[PDB]
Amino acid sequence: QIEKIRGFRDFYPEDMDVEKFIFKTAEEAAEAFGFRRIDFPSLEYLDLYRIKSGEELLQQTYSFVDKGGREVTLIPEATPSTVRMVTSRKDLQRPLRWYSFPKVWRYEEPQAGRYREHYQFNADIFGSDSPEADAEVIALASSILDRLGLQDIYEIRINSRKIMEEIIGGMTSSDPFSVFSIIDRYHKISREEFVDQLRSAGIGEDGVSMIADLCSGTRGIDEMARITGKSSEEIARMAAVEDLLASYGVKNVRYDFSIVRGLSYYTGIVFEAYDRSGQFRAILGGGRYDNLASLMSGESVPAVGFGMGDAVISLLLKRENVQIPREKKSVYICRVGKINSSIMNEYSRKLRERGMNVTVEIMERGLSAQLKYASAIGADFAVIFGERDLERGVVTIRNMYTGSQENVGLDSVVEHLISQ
């Protein structure tokens, strides 16, 4: 009768087939780009997040007072824990390419694509302030989205905190230099409120006008110099990043002045994989945050990376009807008539030692129920031991898929299956 806290999920086998696929694809891709896995505690002291620029996720922390009187919280994100670890390894030659895939928590109201607990992949490069670093992490994100079977549903949209901190300064020197909070909601709120929020910030008509025009849709990077800022340095960097992206095979990336990102520790490039169908604005996203390390430890460490939650990916995988591949072939071993479990165990052992997943019948059920069960668990083959056929050193192998059956010599069972 005791139920699970609402907002949390249970993962039955079929649900985990999907999650595992997400874990495998993310991990294999990251390692292919040279990233190495790390992990950190799931609980931290709340004071860890009391940092200027890292106050966005502190808004929904699953915090509480341990029985020791101190305030703690389930981690809402992985970045600060990762940074604390980075600044503790001055022995490691740069760059540092680390990735993680921990659970993170957030006390928010559930909805299509979000729970209070989820698996979040993270990949970050520490130590390099180069365009190559910005491009590599974005290339890794695309690679993952592609290998997941989502290659045609997203668009890579980029921008930069420098490009957007000078534009709204190359016209309006209004000290509220970071109207960034306003632009972040451009796609959330209505156009009228957006125009007056920025207007009540102390921006002239021409300013509000261009800012609105710049936010409207995605544009080319090359035209950016034109429509504003005659070839600054950050614009040239974005161009370089675009070119570098093409070399990895990543194309159609687009500039979008409305791409800001919620987290406030971003200082350079910011990006998101936009869902072309319009269901999710950010399937994944990240950027460069060259000041977090200093703020937390006093050591300056350039950083660029991104995050990807499992919930939204699960939805897309289903929506786009992706086919989750199956690693090993599974064999279900049945029994009809009087047959010792021992001999079945012996052969299951032999099949396993040759790379196959084998499930043995242990229930006192008939052959009809056995095959029903075999099909219910998705076995690829059914090896049926029959008391009489065993006398003649024969066993029946059924192809659960085709429906085909054949008798097979005991000493040809292993090889016959391996050849399907």
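Each residue number is its position in the shown sequence, starting from 1.
inquiry  = On mean Cα temperature factor in this entry, is 380-388 or 40-48 the higher one?
reply    = The recorded data point to 380-388.
query = As stated in the PDB record, which stretch has the larger average Cα B-factor, 158-166 or 233-241?
reply = Comparing 158-166 with 233-241, the higher mean C-alpha B-factor belongs to 158-166.
key: Selection by C-alpha B-factor (highest) of 282, 86, 123, 183   = Max CA B-factor in the entry, restricted to 282, 86, 123, 183: 183.
message = Take the CA temperature factors straight from the PDB entry and tell me which of 207, 131, 287, 302 peaks.
response = Of the candidates given, the C-alpha B-factor peaks at 207.
request  = Pull the Cα B-factor of residue 178 out of the PDB entry and bin it into the chain's lowest, middle or highest third.
outcome  = As the PDB entry reports it, the C-alpha B-factor of residue 178 lands in the highest third of its chain.
query = What third of its chain, lowest, middle or highest, does the C-alpha temperature factor of residue 361 fall into?
reply = Its C-alpha B-factor belongs to the middle third of this chain's values.
ask   = Compared with the other modelled residues in the chain, in which third is the CA B-factor of residue 328?
value = Highest third - that is where residue 328 ends up once the chain's C-alpha B-factors are sorted.
ask   = Based on the entry's values, in what third of the chain does the Cα temperature factor of residue 408 lie: lowest, middle or highest?
value = According to the entry, residue 408 has a C-alpha B-factor in the chain's middle third.
query = Within this chain, which third does the Cα B-factor at residue 153 fall in: lowest, middle or highest?
reply = CA B-factor rank for residue 153: middle third.
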